[PDB]
Structures are given as structure tokens and as C-alpha cells.
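S.K.: Contents of work-v8.csv (CSV, C-alpha atoms and all ligand atoms):
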chain,number,residue,atom,x,y,z
A,1,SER,CA,57.9,180.0,111.7
A,2,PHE,CA,60.6,179.1,109.1
A,3,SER,CA,64.1,179.1,110.7
A,4,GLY,CA,67.7,178.8,109.5
A,5,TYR,CA,67.0,179.9,105.9
A,6,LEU,CA,69.5,181.9,103.8
A,7,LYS,CA,67.8,184.9,102.1
A,8,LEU,CA,68.6,185.0,98.4
A,9,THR,CA,66.2,187.8,97.3
A,10,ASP,CA,63.4,189.9,98.6
A,11,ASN,CA,61.1,186.8,98.4
A,12,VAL,CA,63.2,183.6,97.9
A,13,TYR,CA,64.8,181.8,100.9
A,14,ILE,CA,66.8,178.5,100.9
A,15,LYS,CA,67.9,175.8,103.3
A,16,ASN,CA,69.6,172.4,103.3
A,17,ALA,CA,66.6,170.3,104.6
A,18,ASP,CA,64.4,167.4,103.9
A,19,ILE,CA,61.0,168.9,102.9
A,20,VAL,CA,59.1,166.2,104.9
A,21,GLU,CA,61.0,167.1,108.1
A,22,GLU,CA,60.5,170.8,107.4
A,23,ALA,CA,56.8,170.3,106.9
A,24,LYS,CA,56.4,168.3,110.1
A,25,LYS,CA,58.1,171.0,112.1
A,26,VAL,CA,56.5,174.1,110.6
A,27,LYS,CA,53.0,172.8,109.4
A,28,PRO,CA,53.0,175.5,106.7
A,29,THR,CA,49.8,176.7,105.0
A,30,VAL,CA,51.1,175.2,101.7
A,31,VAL,CA,53.6,172.5,101.0
A,32,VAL,CA,54.5,172.0,97.2
A,33,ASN,CA,54.8,168.4,95.9
A,34,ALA,CA,57.0,167.6,92.9
A,35,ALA,CA,54.1,165.7,91.2
A,36,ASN,CA,53.7,163.9,87.8
A,37,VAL,CA,50.5,164.3,85.7
A,38,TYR,CA,48.9,161.1,87.1
A,39,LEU,CA,49.6,162.1,90.7
A,40,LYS,CA,51.4,158.7,91.2
A,41,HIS,CA,53.6,159.5,94.2
A,42,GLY,CA,56.3,156.8,93.8
A,43,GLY,CA,59.6,158.4,94.5
A,44,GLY,CA,61.6,161.6,95.2
A,45,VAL,CA,59.7,164.3,97.0
A,46,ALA,CA,56.3,162.8,96.1
A,47,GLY,CA,57.1,159.4,97.4
A,48,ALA,CA,58.5,160.8,100.6
A,49,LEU,CA,55.5,163.2,101.3
A,50,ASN,CA,53.0,160.4,100.5
A,51,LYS,CA,54.8,157.9,102.9
A,52,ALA,CA,54.7,160.6,105.6
A,53,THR,CA,50.9,160.7,105.2
A,54,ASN,CA,50.6,156.9,105.5
A,55,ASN,CA,49.4,156.8,101.9
A,56,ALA,CA,46.4,159.2,102.5
A,57,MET,CA,47.9,161.6,99.9
A,58,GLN,CA,47.8,158.8,97.3
A,59,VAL,CA,44.2,157.7,98.2
A,60,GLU,CA,43.0,161.4,97.8
A,61,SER,CA,45.0,161.8,94.6
A,62,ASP,CA,43.5,158.6,92.9
A,63,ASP,CA,40.0,160.0,93.6
A,64,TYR,CA,41.0,163.4,92.1
A,65,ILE,CA,42.4,161.7,88.9
A,66,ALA,CA,39.3,159.4,88.6
A,67,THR,CA,37.1,162.6,88.6
A,68,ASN,CA,39.3,165.1,86.7
A,69,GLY,CA,41.8,163.2,84.5
A,70,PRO,CA,45.5,164.0,84.5
A,71,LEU,CA,47.1,167.4,85.1
A,72,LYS,CA,49.0,169.2,82.3
A,73,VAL,CA,52.9,169.4,82.5
A,74,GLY,CA,53.4,172.9,83.9
A,75,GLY,CA,50.0,172.7,85.8
A,76,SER,CA,48.9,172.2,89.3
A,77,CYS,CA,46.1,171.3,91.7
A,78,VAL,CA,45.4,172.1,95.4
A,79,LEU,CA,44.6,169.1,97.6
A,80,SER,CA,44.8,168.5,101.3
A,81,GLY,CA,48.1,168.8,103.2
A,82,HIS,CA,47.0,165.9,105.5
A,83,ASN,CA,49.3,165.8,108.6
A,84,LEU,CA,52.0,167.9,106.9
A,85,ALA,CA,50.4,171.3,106.0
A,86,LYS,CA,47.0,172.9,105.5
A,87,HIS,CA,47.2,172.3,101.7
A,88,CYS,CA,49.4,170.5,99.3
A,89,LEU,CA,50.0,172.3,95.9
A,90,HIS,CA,50.8,169.4,93.5
A,91,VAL,CA,52.9,171.0,90.8
A,92,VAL,CA,54.1,169.2,87.6
A,93,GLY,CA,57.5,170.4,86.4
A,94,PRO,CA,58.8,169.0,83.1
A,95,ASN,CA,60.6,165.6,83.4
A,96,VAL,CA,63.7,165.9,81.1
A,97,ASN,CA,64.1,162.1,81.4
A,98,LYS,CA,60.8,161.9,79.3
A,99,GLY,CA,61.7,164.7,76.8
A,100,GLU,CA,59.3,167.4,78.1
A,101,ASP,CA,60.1,171.0,77.1
A,102,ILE,CA,62.3,172.7,79.8
A,103,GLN,CA,60.5,176.0,79.0
A,104,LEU,CA,57.5,174.5,80.8
A,105,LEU,CA,59.5,175.0,84.1
A,106,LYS,CA,58.6,178.7,84.1
A,107,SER,CA,54.9,177.8,83.7
A,108,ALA,CA,55.3,175.3,86.6
A,109,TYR,CA,56.7,178.0,88.9
A,110,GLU,CA,53.9,180.5,88.0
A,111,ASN,CA,51.5,178.3,90.0
A,112,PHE,CA,53.4,179.4,93.1
A,113,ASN,CA,52.2,183.0,92.6
A,114,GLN,CA,48.6,182.0,93.6
A,115,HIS,CA,49.8,181.5,97.3
A,116,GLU,CA,51.3,184.1,99.6
A,117,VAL,CA,53.8,181.8,101.2
A,118,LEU,CA,55.0,178.3,100.4
A,119,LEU,CA,57.4,175.5,101.4
A,120,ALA,CA,58.8,174.0,98.2
A,121,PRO,CA,61.4,171.8,96.6
A,122,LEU,CA,63.4,172.9,93.5
A,123,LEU,CA,61.1,171.9,90.5
A,124,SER,CA,62.3,169.5,87.9
A,125,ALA,CA,65.5,168.7,90.0
A,126,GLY,CA,66.4,165.3,91.3
A,127,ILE,CA,64.7,162.4,89.4
A,128,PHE,CA,63.1,164.9,87.0
A,129,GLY,CA,66.4,165.4,85.3
A,130,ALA,CA,66.8,169.2,85.0
A,131,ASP,CA,69.8,171.3,86.1
A,132,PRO,CA,69.1,172.5,89.6
A,133,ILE,CA,71.1,175.7,89.1
A,134,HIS,CA,68.8,176.6,86.2
A,135,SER,CA,65.7,175.6,88.3
A,136,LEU,CA,66.8,178.1,91.1
A,137,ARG,CA,67.3,180.9,88.5
A,138,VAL,CA,63.8,180.3,87.0
A,139,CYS,CA,62.3,180.2,90.5
A,140,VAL,CA,64.0,183.6,91.4
A,141,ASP,CA,62.9,185.2,88.1
A,142,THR,CA,59.3,183.9,88.2
A,143,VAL,CA,57.9,183.5,91.7
A,144,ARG,CA,56.9,186.9,93.4
A,145,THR,CA,55.3,185.4,96.5
A,146,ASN,CA,57.4,184.2,99.6
A,147,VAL,CA,59.0,180.8,98.8
A,148,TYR,CA,61.1,178.7,101.3
A,149,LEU,CA,63.1,176.2,99.3
A,150,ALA,CA,64.2,173.0,101.0
A,151,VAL,CA,67.2,171.4,99.1
A,152,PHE,CA,67.9,167.9,100.3
A,153,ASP,CA,71.5,167.4,99.2
A,154,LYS,CA,74.2,169.4,101.1
A,155,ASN,CA,76.6,169.4,98.1
A,156,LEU,CA,73.9,170.8,95.8
A,157,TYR,CA,72.9,173.4,98.5
A,158,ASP,CA,76.5,174.7,98.7
A,159,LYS,CA,76.9,174.8,94.9
A,160,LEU,CA,73.5,176.6,94.5
A,161,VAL,CA,74.5,179.3,97.1
A,162,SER,CA,78.1,179.7,95.9
A,163,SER,CA,77.1,180.2,92.2
A,164,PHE,CA,74.1,182.4,93.0
B,201,LIG,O1,67.0,168.9,96.6
B,201,LIG,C1,67.8,168.2,96.0
B,201,LIG,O2,69.0,167.9,96.4
B,201,LIG,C2,67.4,167.6,94.7
B,201,LIG,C3,66.6,166.3,95.0
B,201,LIG,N1,65.6,166.6,96.0
B,201,LIG,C4,64.6,165.8,96.4
B,201,LIG,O3,64.3,164.7,95.9
B,201,LIG,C5,63.9,166.2,97.7
B,201,LIG,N2,64.1,167.5,98.0
B,201,LIG,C6,63.6,167.9,99.2
B,201,LIG,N3,63.1,167.2,100.2
B,201,LIG,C7,63.0,165.9,99.9
B,201,LIG,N4,62.6,164.9,100.7
B,201,LIG,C8,62.7,163.7,99.9
B,201,LIG,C9,63.1,163.9,98.7
B,201,LIG,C10,63.4,165.3,98.6
B,201,LIG,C11,67.6,165.2,95.4
B,201,LIG,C12,67.6,164.6,96.6
B,201,LIG,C13,68.5,163.6,96.9
B,201,LIG,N5,69.4,163.2,96.1
B,201,LIG,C14,69.5,163.8,94.9
B,201,LIG,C15,68.6,164.8,94.5
Go ahead and express the file in the form of C-alpha cells.
Ligand SMILES: O=C(O)C[C@H](NC(=O)c1ncnc2[nH]ccc12)c1ccncc1

M.R.:
Amino acid sequence: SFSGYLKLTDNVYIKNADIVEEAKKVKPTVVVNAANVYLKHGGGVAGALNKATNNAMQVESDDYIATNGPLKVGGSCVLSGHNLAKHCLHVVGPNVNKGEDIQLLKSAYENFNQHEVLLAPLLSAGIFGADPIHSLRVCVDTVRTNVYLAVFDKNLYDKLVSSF
């Protein structure tokens, strides 16, 4: 049910799209959230996904952290996808604006290999501070399952494709 994507490799596809809009249209099995270790969904992809769930994602997430404690940078957890997807895979990429090791980006993308197909943003891009061109290269060289990347900014989408 994914439409309008450019095929980059055997298993990686890309589109200039808002991941919230894409999730509402497709209702994929798995939508990836660009999470932090506390699952505090304030801004970027996380704030936008949570707002689309009317804060139900944040209520679930606070219960998960109260039981389990914080995630690791490079780690993930599977929670409900609410009205957007069957499941949400909350993945923590390194936040360069907090000095986290960029080598943890490969560990973050490895989480995707546990799911046959996913709708995802570029990890560690945007407010997480990493170079999005580097993030796409790590995605292509790490993920083996079918990944549909939604890139919000058109200028960044055109740069990612032209330099691929
Ligand atoms: O995809 C990018 O362009 C990087 C980053 N992306 C996201 O924050 C992002 N990516 C995909 N769907 C989204 N919905 C809401 C946010 C969101 C960015 C968004 C805007 N301005 C700057 C960066």
C-alpha cells in the first residue's frame, strides 16, 4: 500500500512526506518513532506522532517507563501504533546535540531488522543533530528488511536523492 516512493536499493525506498500523513493513509504494520530514552515525545517526529494520537502515545509511554526504566541510546521498544499503525517501534538514535557517539546510529538501525516492513523517518536527523546524508548511508548499509523512508523537507529529499 505504499505509493509514490523512489526505490534506492533492493529494500530501501524514499519519499518526500510527513510520516504522520503517510501513517494515516497507509496504516502500516509498523511506524518508527524517533524517540529519546525517556519516551518524552515533545517535538520533531515524536511530538507530531504523539499529537496525532491525542496524547495516547505519551500516556502509554509513561506507563512503560514507570515499569521498565529508560531505553538505551541505540535501543528500541515495541508499543501500540494507536490510530496510526498496528505497532510503533520507538527507536533511539544518538542525539549529537547531547554528545552521544554517532557510531550508535548503526545499532539504532539494526532494530529495524526485527520487522519485515516499516514506515520510518531518517534516524538522528532533524533535531537530533546528525548529517542526514550519513544517516541514509547507514540505513542502506544496515537495514535488510523493507524500509519506506518519509523525509519531511523537500530540499533535503532532493539532496539525498541527487547525492545517493
Ligand atoms: O526529514 C527531514 O527533513 C528531517 C527532519 N524530519 C522530521 O522531523 C520529520 N520527518 C518526517 N515526518 C515528520 N513529521 C513531523 C516531523 C517529521 C526535519 C523536518 C523538518 N525540518 C527540518 C528537519

S.K.: Would you tabulate, counting all atoms listed in the file, all residues of chain A that have an atom at most 6 Å from an atom of ligand LIG 201 (chain B), showing the closest pair of atoms and their distance in Å to one decimal, sorted by chain then ascending number, as JSON lines?

M.R.:
{"residue": "A:18", "atom": "CA", "partner": "B:LIG201", "partner_atom": "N3", "distance": 3.9}
{"residue": "A:19", "atom": "CA", "partner": "B:LIG201", "partner_atom": "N3", "distance": 3.8}
{"residue": "A:20", "atom": "CA", "partner": "B:LIG201", "partner_atom": "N4", "distance": 5.6}
{"residue": "A:44", "atom": "CA", "partner": "B:LIG201", "partner_atom": "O3", "distance": 4.2}
{"residue": "A:45", "atom": "CA", "partner": "B:LIG201", "partner_atom": "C9", "distance": 3.8}
{"residue": "A:48", "atom": "CA", "partner": "B:LIG201", "partner_atom": "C8", "distance": 5.2}
{"residue": "A:121", "atom": "CA", "partner": "B:LIG201", "partner_atom": "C6", "distance": 5.2}
{"residue": "A:125", "atom": "CA", "partner": "B:LIG201", "partner_atom": "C2", "distance": 5.2}
{"residue": "A:126", "atom": "CA", "partner": "B:LIG201", "partner_atom": "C3", "distance": 3.8}
{"residue": "A:150", "atom": "CA", "partner": "B:LIG201", "partner_atom": "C6", "distance": 5.4}
{"residue": "A:151", "atom": "CA", "partner": "B:LIG201", "partner_atom": "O1", "distance": 3.5}
{"residue": "A:152", "atom": "CA", "partner": "B:LIG201", "partner_atom": "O1", "distance": 3.9}
{"residue": "A:153", "atom": "CA", "partner": "B:LIG201", "partner_atom": "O2", "distance": 3.8}
{"residue": "A:156", "atom": "CA", "partner": "B:LIG201", "partner_atom": "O2", "distance": 5.7}

S.K.: Please produce, as a Markdown table, a per-residue contact table for region 17-123 of chain A versus region 129-141 of chain A (criterion: any atom at most 9 Å away, only C-alpha atoms considered), showing the nearest atom pair and its distance in Å to one decimal, sorted by chain then residue number.

M.R.:
| residue | atom | partner | partner_atom | distance |
| --- | --- | --- | --- | --- |
| A:94 | CA | A:130 | CA | 8.2 |
| A:95 | CA | A:129 | CA | 6.1 |
| A:96 | CA | A:129 | CA | 5.0 |
| A:97 | CA | A:129 | CA | 5.6 |
| A:98 | CA | A:129 | CA | 8.9 |
| A:102 | CA | A:130 | CA | 7.7 |
| A:105 | CA | A:138 | CA | 7.4 |
| A:106 | CA | A:138 | CA | 6.2 |
| A:109 | CA | A:139 | CA | 6.2 |
| A:110 | CA | A:139 | CA | 8.8 |
| A:122 | CA | A:135 | CA | 6.3 |
| A:123 | CA | A:135 | CA | 6.3 |

S.K.: Generate the output file for the selected residues, C-alpha atoms, as a PDB file, keeping the file's coordinate frame.

M.R.:
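Everything below was put into out30.pdb:
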ATOM      1  CA  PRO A  94      58.800 169.000  83.100  1.00  0.00           C
ATOM      2  CA  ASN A  95      60.600 165.600  83.400  1.00  0.00           C
ATOM      3  CA  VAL A  96      63.700 165.900  81.100  1.00  0.00           C
ATOM      4  CA  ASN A  97      64.100 162.100  81.400  1.00  0.00           C
ATOM      5  CA  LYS A  98      60.800 161.900  79.300  1.00  0.00           C
ATOM      6  CA  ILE A 102      62.300 172.700  79.800  1.00  0.00           C
ATOM      7  CA  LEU A 105      59.500 175.000  84.100  1.00  0.00           C
ATOM      8  CA  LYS A 106      58.600 178.700  84.100  1.00  0.00           C
ATOM      9  CA  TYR A 109      56.700 178.000  88.900  1.00  0.00           C
ATOM     10  CA  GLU A 110      53.900 180.500  88.000  1.00  0.00           C
ATOM     11  CA  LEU A 122      63.400 172.900  93.500  1.00  0.00           C
ATOM     12  CA  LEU A 123      61.100 171.900  90.500  1.00  0.00           C
TER      13      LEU A 123
END

S.K.: To one decimal place in Å, what is the distance between CA of residue 144 (chain A) and CA of residue 1 (chain A)?

M.R.: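 It comes out at 19.6 Å.
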
S.K.: So, counting all atoms listed in the file, which residue among A:66, A:35, A:73, A:85 is closest to residue 100 (chain A)?

M.R.: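 Looking at the shortest contact to residue 100 (chain A), the residue is A:73.
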
S.K.: Quick one, how far is CA of residue 143 (chain A) from CA of residue 120 (chain A)?

M.R.: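 Interatomic distance, CA of residue 143 (chain A) to CA of residue 120 (chain A): 11.5 Å.
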
S.K.: If you count only C-alpha atoms, which residues fall within 12 Å of region 54-61 of chain A, apart from same-chain ones fewer than 5 positions away, as a PyMOL selection string?

M.R.: chain A and resi 33+35-42+46-49+66-71+77-85+87-90

S.K.: Which value, in Å to one decimal, gives the distance between CA of residue 12 (chain A) and CA of residue 162 (chain A)?

M.R.: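 These two atoms are separated by 15.5 Å.
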
S.K.: Kindly indicate which residue among A:91, A:11, A:104, A:119 lies nearest to residue 24 (chain A), using only C-alpha atoms for the distances.

M.R.: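 Result for the nearest residue to residue 24 (chain A): A:119.
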
S.K.: Have a look at A:3, A:163, A:142, A:29 and name the one nearest to residue 118 (chain A); count all atoms listed in the file.

M.R.: A:29

S.K.: Nearest to residue 145 (chain A): which of A:25, A:115, A:15, A:51 is it, counting all atoms listed in the file?

M.R.: A:115

S.K.: Identify which of the residues A:17, A:112, A:75, A:86 lies closest to residue 155 (chain A), counting only C-alpha atoms when measuring atom-to-atom distances.

M.R.: A:17

S.K.: Rebuild N, CA, C and O atoms on region 103-116 of chain A, as a CSV table (one decimal), in the coordinates of the input?

M.R.:
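Contents of out-v3.csv, as written:
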chain,number,residue,atom,x,y,z
A,103,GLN,N,61.2,174.7,78.8
A,103,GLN,CA,60.5,176.0,79.0
A,103,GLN,C,59.2,175.9,79.8
A,103,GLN,O,58.8,176.9,80.4
A,104,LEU,N,58.7,174.7,80.0
A,104,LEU,CA,57.5,174.5,80.8
A,104,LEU,C,57.9,174.7,82.3
A,104,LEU,O,57.0,174.8,83.1
A,105,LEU,N,59.2,174.8,82.7
A,105,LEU,CA,59.5,175.0,84.1
A,105,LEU,C,59.0,176.4,84.6
A,105,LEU,O,58.6,176.5,85.7
A,106,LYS,N,59.1,177.4,83.7
A,106,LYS,CA,58.6,178.7,84.1
A,106,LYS,C,57.1,178.6,84.4
A,106,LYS,O,56.6,179.1,85.4
A,107,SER,N,56.3,177.9,83.5
A,107,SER,CA,54.9,177.8,83.7
A,107,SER,C,54.6,177.1,85.0
A,107,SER,O,53.7,177.4,85.8
A,108,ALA,N,55.4,176.1,85.4
A,108,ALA,CA,55.3,175.3,86.6
A,108,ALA,C,55.4,176.2,87.8
A,108,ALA,O,54.6,176.2,88.7
A,109,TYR,N,56.5,177.1,87.8
A,109,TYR,CA,56.7,178.0,88.9
A,109,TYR,C,55.6,179.1,89.1
A,109,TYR,O,55.3,179.6,90.1
A,110,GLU,N,55.0,179.5,87.9
A,110,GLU,CA,53.9,180.5,88.0
A,110,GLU,C,52.8,180.1,88.9
A,110,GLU,O,52.1,180.9,89.5
A,111,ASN,N,52.6,178.7,89.1
A,111,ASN,CA,51.5,178.3,90.0
A,111,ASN,C,51.8,178.8,91.4
A,111,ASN,O,50.8,179.0,92.2
A,112,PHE,N,53.1,179.0,91.8
A,112,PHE,CA,53.4,179.4,93.1
A,112,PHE,C,52.8,180.8,93.5
A,112,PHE,O,52.6,181.2,94.6
A,113,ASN,N,52.6,181.6,92.4
A,113,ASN,CA,52.2,183.0,92.6
A,113,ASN,C,50.7,183.1,93.1
A,113,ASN,O,50.3,184.2,93.5
A,114,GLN,N,50.0,182.0,93.1
A,114,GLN,CA,48.6,182.0,93.6
A,114,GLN,C,48.6,181.8,95.1
A,114,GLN,O,47.5,181.8,95.7
A,115,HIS,N,49.8,181.7,95.8
A,115,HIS,CA,49.8,181.5,97.3
A,115,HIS,C,50.8,182.4,97.9
A,115,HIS,O,51.9,182.6,97.4
A,116,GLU,N,50.4,183.1,99.0
A,116,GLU,CA,51.3,184.1,99.6
A,116,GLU,C,52.6,183.6,100.1
A,116,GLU,O,53.6,184.3,100.1
